[PDB]
Amino acid sequence: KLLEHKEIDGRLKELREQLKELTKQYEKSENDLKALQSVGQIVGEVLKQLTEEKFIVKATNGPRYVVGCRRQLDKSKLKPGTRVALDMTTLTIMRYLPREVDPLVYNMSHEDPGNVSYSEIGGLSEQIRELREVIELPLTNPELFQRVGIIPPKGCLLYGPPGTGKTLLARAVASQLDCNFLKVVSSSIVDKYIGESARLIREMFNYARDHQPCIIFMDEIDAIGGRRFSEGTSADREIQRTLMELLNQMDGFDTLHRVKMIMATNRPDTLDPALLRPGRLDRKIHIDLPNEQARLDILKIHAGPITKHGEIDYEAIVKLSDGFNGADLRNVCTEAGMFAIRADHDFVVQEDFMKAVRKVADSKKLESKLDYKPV
Amino acid sequence: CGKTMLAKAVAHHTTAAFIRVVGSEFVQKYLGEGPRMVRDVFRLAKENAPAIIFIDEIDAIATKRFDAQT
Amino acid sequence: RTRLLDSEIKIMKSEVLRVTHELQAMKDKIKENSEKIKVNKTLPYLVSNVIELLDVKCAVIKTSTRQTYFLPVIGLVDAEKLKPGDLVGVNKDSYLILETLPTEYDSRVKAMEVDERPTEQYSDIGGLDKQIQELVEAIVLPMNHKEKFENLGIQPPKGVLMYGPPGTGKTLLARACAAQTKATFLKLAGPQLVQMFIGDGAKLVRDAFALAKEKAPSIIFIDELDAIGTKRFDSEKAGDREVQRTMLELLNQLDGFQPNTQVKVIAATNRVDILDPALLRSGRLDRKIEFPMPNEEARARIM
Ligand SMILES: Nc1ncnc2c1ncn2[C@@H]1O[C@H](COP(=O)(O)OP(=O)(O)O)[C@@H](O)[C@H]1O
Ligand SMILES: Nc1ncnc2c1ncn2[C@@H]1O[C@H](COP(=O)(O)OP(=O)(O)O)[C@@H](O)[C@H]1O
Ligand SMILES: Nc1ncnc2c1ncn2[C@@H]1O[C@H](COP(=O)(O)OP(=O)(O)O)[C@@H](O)[C@H]1O
């Protein structure tokens with residue numbers, strides 16, 4: 015007799031349940047349906063405020079217009095250069111917004127994820143410490159810098175033979191420090207649209223200028239690095255300006271604050287006099303080919319994760335290994351590794367080493383001129 | 210040798226209207242923005258009063274070896 | 044029999060619930076589809092690269128017409144779907160985003176793909192077996208065997224570099240890999256990357272360097288690096304900026320910030336000198352590989 019409550023509730027529970035399950039779908043989707051009529055809103059910066067309601071605004075997508083405000087927008091807030099939402103017919107303020115950052119400031123900002131700390135590398139606690147002091151300290155320990163009477167450092171530029179450990183430094187720094195490093199390969203900045211490289215640079219320093227403290231790390235500047243002429247293609251003119259755009263910001267009138275800059279290059283022989291100069295670049299950081307010590311020191315770091323019978327010829331490998339850069343050594347491991355995988359010996363030895371080493375130092379003959387000091 | 214300092218000094222002690230316009234800003238993504246500014250800075254200069262228009266790095270604007278076609 | 048009719052009466056009243064929602068279904072089930080087709084059905088789509096994804120549910124976008132419109136209704140398109148630089152359907156009238164689009168990728172770049180796929184086996188060749196091993200040994204293995212490398216703690220060589228006479232035979236080796244390496248062959252000419260618009264070389268490289276990163280695995284072949292490969296002087300008066308930067312750009316791609324072992328890069332050059340000295344190194348292209356003009360038997364072998 016009591017089986018009915020189920021047959022009542024059985025129907026009921028499901029029934030009463032499946033009711034809202036399917037009813038909610040209408041609400042969510044309906045929002046999506048309704049929001050359809052809804053509509054775009056022009057953007058622009060206020061050029062100025064003619065009257066409280068009368069505004070001179072240059073469409074962010076073109077020419078200037080006389081327009082008014084809305085009401086509760088805050089005629090007080092509306093100010094020169096303020097980016098505002100604008101109307102597509104009424105053509106008035108649809109709602110003021112903040113200072114964007116384009117779709118390029120993200121890739122160099124929130125994107126570029128550094129790797130392991132600084133310990134990962136080394137061979138010359140020279141720049142590691144030297145950069146750190148200039149760069150890190152002048153932020154968390156600058157409060158006393160003034161007690162000596164010296165502005166924090168300005169900029170630091172690596173410059174060394176291709177493979178001295180430069181690109182690996184920017185990674186180590188942004189990984190450990192962590193704050194607001196925005197990496198600019200100084201190449202993808204170039205576009206083709208008159209001053210399309212001026213806006214990128216402005217946003218870079220603007221974002222950062224506001225977002226500071228921020229680390230600016232430019233990979234290969236030899237691009238915008240340039241040098242000027244007298245002259246070259248009509249193209250070069252674009253870069254220059256752009257090459258200058260930064261120069262004027264790094265110094266010029268408005269004074270960089272909190273936001274610091276790491277300059278990157280292989281060959282500093284190419285760079286413009288007006289860039290290397292303090293007020294723009296403080297002290298240059300050289301990264302020479304690891305010493306026999308530096309090699310050995312770096313050699314045990316890349317070959318450290320390798321299966322090697324009690325025969326590791328570290329003093330032998332490093333020895334024959336001269337003029338070998340930091341990757342010329344890594345390659346040395348990787349090379350031997352191919353001998354390792356090679357024929358068949360899951361476990362490397364002192365044989366698949368030297369063979370590589372010379373092998374690795376053999377083809378190194380195809381690399382004329384690998385040094386270039388600045389000024 | 211200290212030219213950008215000289216402008217900072219003048220904008221400091223100064224008294225008129227120091228316009229700091231960079232020659233690298235004049236060229237935009239538009240076909241008339243440049244003149245439209247100069248007419249502005251120059252227009253604004255007339256309005257302000259004895260004003261200092263200052264152009265840091267006029268190279269970005271004036272570089273002789275022009276090339277009409279690009 | 045009361046509770047029967049009592050739990051019986053419930054059924055129709057129960058049924059109402061489901062039966063009535065089937066009304067409530069069709070009600071919106073039609074208007075949902077209805078207006079959506081009219082607004083979405085609009086096959087005109089003005090793609091617009093997102094910029095800032097303000098969550099104060121707001122978000123601005125710049126059109127393929129180069130027009131920025133702050134839409135306060137991201138419309139059809141989840142946040143995640145949202146991020147800068149991302150193709151979007153935008154109803155022309157409304158600038159309401161309809162669809163998300165795949166992604167940018169140069170029509171000049173796509174031509175770097177390989178449908179016909181060569182057919183040169185190896186026996187086609189002769190005398191090149193030394194490096195043919197190497198050729199294989201630097202790509203196929205590292206591709207079809209990444210668990211073996213670490214089981215010896217190593218790393219796989221980052222791509223190779225072919226050099227030597229200009230008639231020995233290297234383009235076949237590519238051809239060989241192209242037909243063999245089931246991976247998506249990425250053949251590209253060094254000249255192509257050479258462009259006019261101050262920003263085609265870097266863009267294309269990125270474009271090509273990305274297209275590969277989204278089809279792993281891939282062997283990008285680069286005939287004559289010299290095209291884009293050449294030391295960078297330091298003059299006054301004039302001097303190649305593009306060919307340099309593009310190299311630089313390229314350089315900054317192969318290695319540099321952010322590493323990648325998803326793409327294999329194989330470049331031949333009839334002359335391994337002019338090439339700048341930041342392309343060889345050992346990280347960029349791991350293995351320097353000679354193609355010696357052959358002996359005789361090999362000659363006997365080729366003939
Ligand atoms: N001091 C070092 N310690 C460890 N690895 C190094 C070192 N120097 C170079 N390498 C190897 O080379 C890479 C760094 O190259 P990088 O310094 O970016 O060259 P470039 O200066 O031409 O950009 C690292 O991934 C690492 O494998
Ligand atoms: N006599 C001086 N008095 C004060 N500062 C000087 C003097 N000479 C050089 N400097 C310093 O050198 C820098 C000069 O920068 P500036 O001449 O503006 O370079 P640029 O010409 O590239 O703009 C300033 O930071 C300034 O402090
Ligand atoms: N070992 C070989 N066996 C057969 N043909 C070869 C061999 N080496 C080179 N060739 C010939 O060389 C041609 C390709 O020349 P290649 O070396 O690719 O020019 P480049 O080196 O300037 O790209 C092919 O037509 C092929 O017949």
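Chains as they are written, first to last, in UniProt numbering: chain E, 15 to 389; chain F, 210 to 279; chain H, 44 to 99, 120 to 366.
The C-beta atom is built at its ideal place from N, Cα and C for all residues, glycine as well.
> Would the C-beta of residue 213(F) count as close to ligand 2, meaning under 6 Å from any of its heavy atoms?
Replying inline: yes
> Which partner residues does residue 122(H) have in the DSSP bridge list?
Replying inline: 134(H)
> In this structure, does DSSP put residue 73(E) in helix, strand or coil?
Replying inline: strand
> Can you find a heavy atom of ligand 5 that lies under 6 Å from the Cβ of residue 136(E)?
Replying inline: Ligand 5 is not among the ligands present in this structure, which contains only ligand 1, ligand 2 and ligand 3.
> If you follow the beta strand (DSSP E) that residue 223(H) is part of, which residue opens it and which one closes it?
Replying inline: 223 to 226
> Can you check whether the CB of residue 235(E) is closer than 7 Å to the CB of residue 196(E)?
Replying inline: No.
> For ligand 3, which residues count as neighbours when the test is a C-beta closer than 6 Å to any heavy atom?
Replying inline: Selection output, chain order preserved: 188(H), 189(H), 190(H), 191(H), 229(H), 230(H), 231(H), 232(H), 233(H), 234(H), 235(H), 331(H), 333(H), 365(H).
> Comparing alpha-carbon positions, which option in 221(E), 246(E), 258(E) lies nearest residue 239(E)?
Replying inline: Residue 239(E) has its Cα closest to that of 258(E), out of 221(E), 246(E), 258(E).
> Relative to the alpha-carbon of residue 98(H), which residue among 312(E), 112(E), 193(E), 225(E) has its alpha-carbon at the smallest distance?
Replying inline: 112(E)
>> With the cut-off set at 7 Å, would you say residue 202(E) and residue 271(H) are in Cβ contact?
In response: no
> Using a Cβ-Cβ cut-off of 7 Å (strictly less than) and excluding sequence neighbours within five positions of residue 144(H), which residues of its own chain qualify?
Replying inline: 163
> Can you name, in chain order, every residue of its own chain whose Cβ lies under 6 Å from the Cβ of residue 287(H), other than the five neighbours on each side?
Replying inline: Result list for residue 287(H): 253, 332, in chain order.
> Is residue 173(E) helix, strand or coil when you go by DSSP?
Replying inline: strand
>> Cβ closer than 8 Å: which chain F residues qualify as neighbours of residue 262(E)?
In response: By Cβ distance, chain F contributes 231, 233, 265, 266.
> Using a beta-carbon distance below 7 Å, is residue 384(E) in contact with chain H?
Replying inline: yes
>> Please tell me whether, using a cut-off of 6 Å, the distance from the CB of residue 340(H) to the nearest non-hydrogen atom of ligand 1 is below it.
In response: no
>> Using a Cβ-based criterion (distance less than 6 Å to any ligand heavy atom), does residue 167(E) qualify as near ligand 1?
In response: no
> In the DSSP assignment, what residue or residues form a beta bridge with residue 330(H)?
Replying inline: 224(H), 285(H)
> With DSSP run on the structure shown, which of helix, strand or coil describes residue 361(E)?
Replying inline: coil
>> Rounded to the nearest angstrom, what separates residue 272(F) and residue 316(H) at their Cα positions?
In response: 33 Å
>> Which runs of the alpha helix (DSSP H) at least 4 residues long sit entirely within the segment 210 to 279 of chain F? Give them in chain order.
In response: Runs of the alpha helix (DSSP H) inside the segment 210 to 279 of chain F: 213 to 222, 242 to 257.
> Considering only C-alpha positions, which residue in the set 298(E), 295(E), 369(E) is nearest to residue 331(E)?
Replying inline: 369(E)
>> Is residue 97(E) close to ligand 1? I mean its beta-carbon at under 6 Å from any heavy atom of the ligand.
In response: no
> Does DSSP put residue 231(E) in a helix, in a strand, or in coil?
Replying inline: strand
> Between which two residues does the alpha helix (DSSP H) containing residue 364(H) stretch?
Replying inline: 360 to 365
> For residue 296(H), is the classification buried or exposed, using 16 other Cβ atoms within 10 angstroms of its Cβ as the cut-off for buried?
Replying inline: exposed
>> Measuring straight from C-alpha to C-alpha, what distance separates residue 319(H) and residue 345(E)?
In response: Their backbone Cα atoms lie some 16 Å apart in a straight line.
> Straight-line CA distance for residue 103(E) to residue 55(E)?
Replying inline: 10 Å
>> Using 8 Å for Cβ pairs, my map puts residue 244(E) next to residue 276(F). What's the rounded Cβ distance?
In response: So it is not a contact: roughly 14 Å between Cβ atoms.
> residue 340(H) CB to nearest chain E CB: under 7 Å?
Replying inline: yes
> Is residue 339(E) helix, strand or coil by DSSP?
Replying inline: coil
> Relative to chain F, which residues along the segment 237 to 259 of chain E have a C-beta separation below 9 Å, given in chain order?
Replying inline: 242, 243, 244, 245, 246, 247, 248, 249, 251, 252, 254, 255, 256, 258, 259
> Where in the segment 63 to 118 of chain E do unbroken runs of the beta strand (DSSP E), each at least 3 residues long, occur, reported from the N-terminal end onward?
Replying inline: 69 to 73, 78 to 81, 97 to 100, 107 to 110
>> Quick test of the definition: if touching needs 3 or more C-beta pairs under 8 Å, does the segment 344 to 362 of chain H touch the segment 336 to 356 of chain E?
In response: yes
> Just reading off the beta strand (DSSP E) that residue 268(H) is part of, what are its end residues?
Replying inline: Premise fails: residue 268(H) lies in the alpha helix (DSSP H), 264 to 274, not in any beta strand (DSSP E).
> Tell me the DSSP bridge mates of residue 274(E)?
Replying inline: 229(E)
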